[PDB]
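Asks: As you go down the protein sequences, you meet chains c, u, b, o, v, y, k, d and B in turn.
Quick note, PDB author numbering runs 25 ahead of the 1-based positions in the first sequence.
Quick note, PDB author numbering runs 8 ahead of the 1-based positions in the second sequence.
Quick note, PDB author numbering runs 284 ahead of the 1-based positions in the third sequence.
Quick note, PDB author numbering runs 3 ahead of the 1-based positions in the fourth sequence.
Under PDB author numbering, the fifth sequence has 41 at position 41, and the numbering climbs by one with no breaks.
Quick note, PDB author numbering runs 17 ahead of the 1-based positions in the sixth sequence.
Quick note, PDB author numbering runs 10 ahead of the 1-based positions in the seventh sequence.
Quick note, PDB author numbering runs 176 ahead of the 1-based positions in the eighth sequence.
Quick note, PDB author numbering runs 57 ahead of the 1-based positions in the ninth sequence.
C-beta atoms are modelled at their ideal positions from N, C-alpha and C, and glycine is treated no differently.
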Amino acid sequence: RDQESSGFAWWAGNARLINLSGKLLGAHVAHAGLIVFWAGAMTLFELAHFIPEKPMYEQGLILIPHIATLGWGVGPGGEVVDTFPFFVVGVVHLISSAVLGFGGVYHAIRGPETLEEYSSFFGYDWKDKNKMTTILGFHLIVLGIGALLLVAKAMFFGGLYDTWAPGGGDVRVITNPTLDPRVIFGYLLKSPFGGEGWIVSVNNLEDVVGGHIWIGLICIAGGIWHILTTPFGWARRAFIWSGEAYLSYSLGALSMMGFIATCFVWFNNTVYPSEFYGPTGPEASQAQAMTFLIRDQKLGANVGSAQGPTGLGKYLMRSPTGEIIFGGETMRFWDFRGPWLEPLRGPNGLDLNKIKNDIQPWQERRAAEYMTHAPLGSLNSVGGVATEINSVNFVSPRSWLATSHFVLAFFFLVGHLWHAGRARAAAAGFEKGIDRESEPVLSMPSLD
Amino acid sequence: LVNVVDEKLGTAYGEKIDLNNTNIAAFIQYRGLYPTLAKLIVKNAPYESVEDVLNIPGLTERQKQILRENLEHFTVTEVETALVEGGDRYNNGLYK
Amino acid sequence: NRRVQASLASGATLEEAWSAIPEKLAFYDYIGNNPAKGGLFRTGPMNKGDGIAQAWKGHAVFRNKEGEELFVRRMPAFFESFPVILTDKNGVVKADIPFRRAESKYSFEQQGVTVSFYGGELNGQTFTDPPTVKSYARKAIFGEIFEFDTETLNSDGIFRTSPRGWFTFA
Amino acid sequence: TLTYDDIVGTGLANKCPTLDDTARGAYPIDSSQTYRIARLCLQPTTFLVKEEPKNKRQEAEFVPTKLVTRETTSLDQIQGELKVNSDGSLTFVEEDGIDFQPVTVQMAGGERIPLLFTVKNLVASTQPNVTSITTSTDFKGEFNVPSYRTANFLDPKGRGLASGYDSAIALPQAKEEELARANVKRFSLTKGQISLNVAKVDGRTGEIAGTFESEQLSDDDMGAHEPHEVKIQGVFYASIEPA
Amino acid sequence: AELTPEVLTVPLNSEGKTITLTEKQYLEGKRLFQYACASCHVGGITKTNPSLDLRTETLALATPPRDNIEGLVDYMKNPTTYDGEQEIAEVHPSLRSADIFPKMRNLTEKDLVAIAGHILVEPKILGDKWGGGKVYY
Amino acid sequence: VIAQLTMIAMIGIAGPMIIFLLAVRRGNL
Amino acid sequence: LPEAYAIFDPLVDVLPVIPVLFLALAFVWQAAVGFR
Amino acid sequence: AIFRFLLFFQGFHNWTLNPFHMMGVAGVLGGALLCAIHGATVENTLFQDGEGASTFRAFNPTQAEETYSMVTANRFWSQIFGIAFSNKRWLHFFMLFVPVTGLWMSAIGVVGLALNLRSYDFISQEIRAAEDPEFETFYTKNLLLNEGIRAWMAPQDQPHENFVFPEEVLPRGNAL
Amino acid sequence: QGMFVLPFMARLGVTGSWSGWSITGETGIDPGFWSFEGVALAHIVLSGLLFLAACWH
Ligand code: CLA
Ligand code: CLA
Ligand code: CLA
Ligand code: CLA
Ligand code: CLA
Ligand SMILES: CCCCCCCCCCCCCCCC(=O)OC[C@H](COP(=O)(O)OC[C@@H](O)CO)OC(=O)CCCCCCCCCCCCCCC
Ligand SMILES: CC1=C(/C=C/C(C)=C/C=C/C(C)=C/C=C/C=C(C)/C=C/C=C(C)/C=C/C2=C(C)CCCC2(C)C)C(C)(C)CCC1
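1) Verify whether the separation of the beta carbon atoms of residue 187 of chain o and residue 11 of chain u is less than 8 Å.
2) Would the segment 146-155 of chain c count as touching the segment 59-77 of chain c if we require 3 or more Cβ pairs under 8 Å?
3) Residues of chain v with CB under 9 Å from residue 398 of chain c, in chain order?
4) Show which residues of chain c have a CB atom less than 7 Å away from the CB atom of residue 22 of chain k.
5) Compare the Cα-Cα distances from residue 201 of chain o to each of o:41, o:68 and o:45 and report the closest residue.
6) Residue 391 of chain b versus chain u: which residues are under 9 Å apart at the beta carbon?
7) Could you work out which residues of chain k lie near residue 36 of chain y, taking near to mean beta carbons separated by less than 7 Å?
8) In three-state terms, what does DSSP make of residue 194 of chain o?
9) Contact check, residue 334 of chain b vs residue 427 of chain b under 8 Å by CB: the rounded distance?
10) Given residue 225 of chain c, which residues of its chain have a CB within under 6 Å of its CB, disregarding the five upstream and five downstream residues?
11) Report yes if the C-beta distance between residue 245 of chain d and residue 223 of chain d is below 8 Å; otherwise report no.
12) Could you check where the alpha helix (DSSP H) with residue 303 of chain d kicks off and where it finishes?
13) Any beta carbon from chain b within less than 8 Å of residue 29 of chain u's own beta carbon?
14) So what does residue 99 of chain c bridge to, in DSSP terms?
15) Going by C-alpha distance, which of o:32, o:25, o:219 and o:73 is nearest residue 93 of chain o?
16) Using 10 angstroms around the beta-carbon of residue 290 of chain d, count the other beta-carbons present and answer buried if the total reaches 16, otherwise exposed.
17) When every heavy atom of ligand 1 is checked, does at least one fall within less than 7 Å of the C-beta of residue 123 of chain c?
18) In angstroms, rounded to a whole number, what distance separates the CA positions of residue 60 of chain v and residue 200 of chain d?
19) Distance, Cα to Cα, residue 259 of chain c vs residue 447 of chain c?
20) Which class does residue 120 of chain o belong to by DSSP, given the choice of helix, strand or coil?
21) With contact counted as at least three CB pairs below 8 Å, one residue from each stretch, are the segment 330-349 of chain c and the segment 61-77 of chain o in contact?
22) Quick one, which of o:143, o:55 and o:182 has its alpha-carbon nearest residue 303 of chain d's?
23) For a contact defined as C-beta to C-beta under 8 Å, what are the partners of residue 134 of chain v on chain u?
24) Is there a Cβ of chain c sitting closer than 8 Å to that of residue 77 of chain v, yes or no?
25) Ignore the nearest five residues each way along the sequence and tell me which others in residue 291 of chain b's own chain have a CB closer than 7 Å to its CB.
26) Quick check on DSSP: helix, strand or coil for residue 24 of chain o?
27) Below 8 Å on C-beta distance, what does residue 332 of chain c contact in chain u?
28) Are at least three pairs of beta-carbons, each pair with one atom in the segment 377-397 of chain b and one in the segment 160-167 of chain o, less than 8 Å apart?
29) Measure the C-alpha to C-alpha separation of residue 262 of chain d and residue 270 of chain c and round it to an integer number of angstroms.
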């Protein structure tokens, strides 16, 4: 537990737990406790500062909108009807953190230093390819079950919040989840660029629930697979099989997932309902063009023939493929889809006749609301652009969530690079420096 | 080579509200003109004279009373193409 | 102004007072001779910029429709460009050249801004049409207005610094 | 039939509705009823720009050009008044709709030609005595072509009409008389001529379709230079219903 | 300079009556303004319709006049257009439409007065800045 | 109002107190 | 929060910061053993 | 206040366009580059002079031998980048020269700016732009920005000048 | 116009340009790759290959 014996300094002291399964178990369980702790403590915090009639995205909340999306404590339009489910989630997560915190400490500073001669089932070796895939299998099944919990919630227990629900957003039970692999895996084969958007562009709960059904069965089957099998030859020669190497593989995964989450909460308004998280970037911008189209048309303006300074339509123009879109700088956001705008959308895009006659006041309210709540804010939470004066205390939750998980994702990519590079060097035997006396370069022919 | 807009500032346009050219947001400077009467005036433009605004079909007696009170704040000049195109009368691109 | 006021006090007309001003003295009162108006790679003599000075056009006196004399705000050395703003004797803004014309209130057209020249080549002359008056107003931010020869050296109309500037820099 | 999600990204949104070849019928016009064009659409397929022949005696030629602004060229959902002149001839007075599209074409040599393909304030009439609209009915009329840029448009040096500078502030002491055409912006407004030839008629639904050929001027850049004579050819669609 | 009783003395009605708010009335009179108004009316302007601001001179020419307490309180109950020809409760936050604007629900009659007062006191402090825009920032 | 400050007091000192107790007891630190 | 749990309102506003203290606690323990 | 100093030099001097500041930027960024690339190279070419994973304990201030391999470091960058240092003395001298020279170059630029002798414009492009209202570069776009900065910041930045700019004379794009 | 190499490309067939014009005066023609620009590109690429070859030999 010092540097002379372990070979690691205090700033790398957790690297001494590599070959100590017992204490390492206590470390992970204790860290897990910290996770469930925050998930509960913050929930109670958010609920304590929560104001029912005031919008969620105006109160700096990130956890309550997650619970609300699952259909708990909300009704039509995303209005809060009962704050009690928020309280239960916060309390249960919190109490559980004491349980994980109890065994986390026990397994760490008094549980067996190694599990290998307490138990052959719990005890492991990093280089035991069979043991690792087995543990991988177990946890794969656990993840598969968790995905089915979401399915069970959406199909059997109340359902989820459907922002695309007819008559307005409401909690809806998913009865027909999409099982079609042409749709589910169709998302996975979509382009990550504009107009497509990969898996981020999922716009209905049917594809979400049906999607988690697939990934549920896949992880379970995969779990059973890795439990019953052992790594093939081509896999044994490709990877590095060590504790640090496995960590780096997971660091790269979480880094990728971090970047994906960043794009989800910033672009997607289905699994991240605008009634809870606030309008997206593209959404708010389209709402401004919407807001002033309505205002000007009331004054007697013909928004279909209104030419702008550049020659392009002031309110309405065409996308590169010909779709009728909102004019101005928001031409870049013509791939935005929202339940408040789709009623005005025809086969060729925005229908001018629907615009002239069918626009409803609730659409006008929502447009002005989302325009004035665009995800633009300073670090000290001053709403609007940088040149705006102090008055509105607002930064959209989407901004907090997108920024935070990009910082984390990037650093975990660095983590991947750091821990994978060292895993290669360590397994090869030169992570502690070049042997002065077998310097590989000196045995190589000169470059010139 | 003359700037037509600058030249128009040398007329009554630079003095009063031109019913045939001036942006619709100018009808806020006076009482009971915006936005109902304001919409009607611009829609029924142009006019040969100022008092022709009283001949707009559908005007109530109170509305025609309000118009008469603000005839002194109105004027009529030749229709300038550069001021009426692009729906600039309803939105000339100026805000705050 | 001290020499002009002294002339008016001796009983000379406005056309006589400004005519008694040496062209060499008015030329010093022109920002084109300011050594802090050049550029690092704007090479050559100052005549390559504003041109070769030919004659004084005379002092420009600006008045509105009320007959009140207006004074063009002069350009500071730091400014590569400068707006045209006319104020009275107290410094209250009375006229300008507007960027946006949609809500213009101080345009030369609206305020009926004229310009009369005293002394120089344009002595005793008065201009009324807005595009002509504006042209002189733009020159009035430079100080005294002069006639330049821009064809001999093919001058690009861009200010250059004096040997005073170049010596100091080097 | 087809939704937005079926058409999006395909390019069909820039295309005008077509009639089947079965539609060679006629649409009866009653003198005592009032008619309107509920929807007019114009889809250009060829942009011909009259080059400018050197300077001698040549016949001015219309050369082919290349579109560079992609499929953003069509005018759609144009509605207006379909009048029945007592002589029998019809007359369409354009009212509202997407009646303009900025289009840039590139001639041989690389010269780009910006133009405002439009039919604003169109008044097109037919031949006298039209009892029914057949596959021989053609519309002739004129329209207004406003300036490509509006009065608020600023050039790269910040000059404009209803806004911006009125001189070259980069050249403080330059002779402004030579830069007069560049310092002073001018709002243009010319007439354009277009012929709408009907080749398909569905008398039941009241849908007509055929080809058109319009002639108009291109952008003059606030009067900085001379415009080019443009000839636009393409197909059109229109639905006719009683008022 | 300081927040004097002469500054906090604002017109009450359409006949010249006057009231003097306390300092605390002004302070939370601003908090409530930042609570339900500032999103569209930050600085005295109107982001969703810049043609109309909260300047005293503008409110005076409104129909009915809004340059007093009772005028603004009535507007917060039943909002109209600038000529008062139409009622815009369905698109503007009010007690009449507190169901679609939930932040208007718990506003007492006393709360509206503080909000109304703040709109009248601010231009007497910030001058042309109030309802001025980015030009006066 | 400063019950605020009383919570962070006992909670904040709860950590180091364990270290101090394990030091005077010469525990397995 | 429910009115029955209004007692622990000051306690709730403190709980989220507790995990960060664990990071700081590691340095205390390390300083206590002199950074072995 | 320093940030204000930066923005002032942009709007009034066009300080970015000045080739002396450009050389200064190359000196600072180039120095930071050298600083990072030398420290990472040394740490990743170290000899193994111990058996601890923490390789900081494997060095002694009074030792004679080099702590890292110059030969291995040379071959790495020769294959990666094409060229590589082969002389430790020239290397560290180069780490002196690059940032020192850079700051000296930018100092020369400011001395010029003291007299408003700036690199504000390119005459060949102003002549073109003034004659052809369809000619636009990033250079011209930046000048519009400078004019905006000046007219909007000056009345408060230079209160002794008592600048009063009516809203109508202020340079503004559309809408904004 | 003092064109020297241009008539030599024209003599053996190359009469078109990627910009669209042809020396005969025709417009709306497609020379393909072998235009005046295509020919120039060919001789430049050829120059580079012969350069590398010279280094080897
Ligand atoms: C997520 C944070 C985390 C976790 C879970 C761990 C966990 C662990 N570290 Mg590591 N460590 C961390 C962060 C963490 N570390 C950081 C940030 C640093 C940098 C300063 C270090 C530096 C470091 C070093 C240098 C060493 C460790 C070691 C260890 C292991 C033994 C610790 C020990 O014996 O302490 C003894 C300490 C005590 C007995 C004091 C009390 C400690 C307990 C846990 C306090 C619990 C408080 C909590 C409120 C209790 C709630 C109980 C109930 C109500 C639930 C252990 C598995 C050691 C190791 O690898 O040994 C083989 C080792 O040498 N760590
Ligand atoms: C990551 C989880 C994990 C793992 C792999 C282990 C592994 C081990 N623990 Mg530890 N332990 C854990 C968590 C874990 N523990 C936690 C969280 C606590 C706090 C409650 C403890 C408290 C604890 C004690 C007090 C002791 C051990 C001991 C042991 C050993 C024997 C375990 C045994 O016989 O279980 C047998 C268990 C079963 C046959 C069934 C267990 C069913 C569980 C409780 C629930 C299953 C449902 C589901 C998975 C719950 C998920 C909850 C949540 C994550 C969603 C072994 C080394 C013993 C030891 O080392 O003795 C020397 C010992 O005395 N553990
Ligand atoms: C947490 C998830 C997880 C993890 C860590 C592993 C880990 C492992 N699996 Mg297992 N597996 C999993 C889930 C997982 N599996 C599940 C759920 C299933 C059921 C479908 C399987 C089915 C499975 C099979 C059938 C096999 C493995 C095998 C392996 C081993 C080699 C993997 C490999 O070489 O990948 C790297 C993969 C490649 C180098 C192939 C090319 C991959 C391309 C480049 C991916 C491109 C992705 C793209 C950029 C982004 C995605 C979008 C779209 C294109 C899909 C390794 C022990 C192999 C083994 O040895 O088994 C004994 C083997 O044959 N797994
Ligand atoms: C103290 C020196 C000095 C000064 C102050 C002047 C001043 C003047 N000269 Mg004279 N001149 C000088 C020396 C000087 N000269 C010398 C030594 C010669 C002989 C070659 C001349 C030859 C000469 C001619 C032929 C002319 C002038 C003219 C002028 C006038 C315009 C100058 C101009 O535009 O410069 C322009 C200055 C610059 C563009 C600045 C150059 C900055 C250099 C290139 C920077 C180098 C940086 C370096 C390479 C980077 C190092 C990097 C680091 C890592 C090492 C002005 C009155 C002109 C005139 O008006 O004549 C009537 C004219 O035609 N001069
Ligand atoms: C990529 C971005 C970039 C980069 C790398 C640089 C780099 C540089 N800029 Mg440039 N700049 C940039 C963008 C950039 N700039 C842009 C976009 C603009 C807008 C136009 C500017 C505007 C700008 C200005 C206005 C100036 C620079 C200057 C500089 C130089 C500063 C050198 C320095 O460290 O001075 C730091 C200061 C010193 C080294 C002086 C000595 C300081 C002493 C030693 C400090 C002592 C501290 C004391 C011991 C303890 C204090 C404690 C207390 C704080 C608590 C350098 C060449 C400066 C320059 O050219 O100077 C000649 C300058 O004035 N830049
Ligand atoms: C670990 C904590 C977070 C670290 C972030 C990244 C820091 C290191 C990045 C180096 C990149 C340079 C290129 C490689 C450079 C390189 O190769 O380094 C070489 C150097 C040599 O260490 P060893 O190889 O002996 O150790 C590697 C392992 O075997 C552990 O001993 O590595 C380190 O010292 C890492 C120390 C990490 C632990 C201390 C980190 C201190 C971070 C301070 C954070 C300040 C936060 C506030 C800021 C406002
Ligand atoms: C290993 C290690 C470590 C770590 C540790 C840890 C991380 C631990 C954790 C721990 C934990 C993680 C714990 C937890 C706990 C929890 C708890 C204890 C909870 C409780 C709860 C409660 C008490 C509740 C209450 C209530 C109710 C019931 C209702 C509502 C309201 C109230 C709040 C009142 C360190 C680094 C330091 C160092 C040494 C080593």
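Replies: In short, the structure shows the following:
1) By 1-based counting over the fourth sequence, the position of residue 187 of chain o is 184. By 1-based counting over the second sequence, the position of residue 11 of chain u is 3. Contact flag set, yes.
2) no
3) Indexing the first sequence from 1 puts residue 398 of chain c at position 373. Near residue 398 of chain c (Cβ distances below 9 Å), the residues of chain v are 39.
4) The sequence position of residue 22 of chain k within the seventh sequence is 12, counting from 1. Per Cβ cutoff of 7 Å: 69, 70 and 73.
5) Counted from its first residue, the fourth sequence places residue 201 of chain o at position 198. The shortest Cα separation from residue 201 of chain o among o:41, o:68 and o:45 belongs to o:45.
6) Position 107 of the third sequence, counted from the start, is the residue given in the question as residue 391 of chain b. Going along chain u in sequence order, the residues near residue 391 of chain b (Cβ under 9 Å) are 14, 17, 18 and 22.
7) Looking up residue 36 of chain y in the sixth sequence gives position 19. Under the 7 Å cutoff, chain k gives 38, 39 and 42.
8) The residue labelled residue 194 of chain o in the question sits at position 191 within the fourth sequence. Strand at residue 194 of chain o.
9) Along the third sequence, read from residue 1 onward, the residue named residue 334 of chain b stands at position 50. Along the third sequence, read from residue 1 onward, the residue named residue 427 of chain b stands at position 143. About 12 Å separates the two Cβ atoms, so there is no contact after all.
10) Taking the first sequence and counting its residues from 1, the one referred to as residue 225 of chain c is at position 200. Answer for residue 225 of chain c: 288, 289, 292 and 293, listed in chain order.
11) The count along the eighth sequence starts at 1 and reaches residue 245 of chain d at position 69. The count along the eighth sequence starts at 1 and reaches residue 223 of chain d at position 47. Their beta carbons are under 8 Å apart, which means residue 245 of chain d touches residue 223 of chain d by this criterion.
12) By 1-based counting over the eighth sequence, the position of residue 303 of chain d is 127. For residue 303 of chain d, the enclosing alpha helix (DSSP H) covers residues 299-307.
13) Mapped onto the second sequence, residue 29 of chain u falls at position 21. No - not a single Cβ of chain b is within 8 Å of the one on residue 29 of chain u.
14) Here residue 99 of chain c refers to the residue found at position 74 of the first sequence. According to DSSP, residue 99 of chain c bridges with c:105.
15) Numbered from its first residue, the fourth sequence carries residue 93 of chain o at position 90. Of o:32, o:25, o:219 and o:73, the smallest CA-CA separation from residue 93 of chain o is found for o:32.
16) Residue 290 of chain d sits at position 114 when you count from the first residue of the eighth sequence. With fewer than 16 other CB atoms across the displayed protein chains lying within 10 angstroms of its CB, residue 290 of chain d is exposed.
17) Residue 123 of chain c sits at position 98 when you count from the first residue of the first sequence. Yes, ligand 1 has a heavy atom inside 7 Å of this Cβ.
18) Residue mapping note: residue 60 of chain v aligns to position 60 of the fifth sequence, counting from 1. Residue mapping note: residue 200 of chain d aligns to position 24 of the eighth sequence, counting from 1. Each residue's alpha carbon lies about 59 Å from the other.
19) By 1-based counting over the first sequence, the position of residue 259 of chain c is 234. By 1-based counting over the first sequence, the position of residue 447 of chain c is 422. C-alpha separation (whole angstroms): 22 Å.
20) Taking the fourth sequence and counting its residues from 1, one reaches residue 120 of chain o at position 117. Three-state DSSP puts residue 120 of chain o in a strand.
21) yes
22) Residue mapping note: residue 303 of chain d aligns to position 127 of the eighth sequence, counting from 1. Minimum Cα distance to residue 303 of chain d is reached at o:182.
23) In the fifth sequence, counting from the first residue as 1, residue 134 of chain v sits at position 134. Near residue 134 of chain v (Cβ distances below 8 Å), the residues of chain u are 104.
24) To locate residue 77 of chain v, count along the fifth sequence from 1; it is residue 77. Closer than 8 Å: no.
25) Locating residue 291 of chain b in the third sequence gives position 7, counting from the first residue. Counting only Cβ-Cβ distances below 7 Å, and skipping sequence neighbours, we find 300, 301 and 304.
26) The residue labelled residue 24 of chain o in the question sits at position 21 within the fourth sequence. Coil, per DSSP.
27) Counted from its first residue, the first sequence places residue 332 of chain c at position 307. Those within 8 Å of residue 332 of chain c in chain u are 93, 94 and 95.
28) Contact between the segment 377-397 of chain b and the segment 160-167 of chain o is present, because at least three Cβ pairs lie under 8 Å.
29) Numbered from 1 along the eighth sequence, position 86 holds the residue referred to as residue 262 of chain d. Numbered from 1 along the first sequence, position 245 holds the residue referred to as residue 270 of chain c. Near 35 Å, if we compare the C-alpha coordinates of residue 270 of chain c and residue 262 of chain d.
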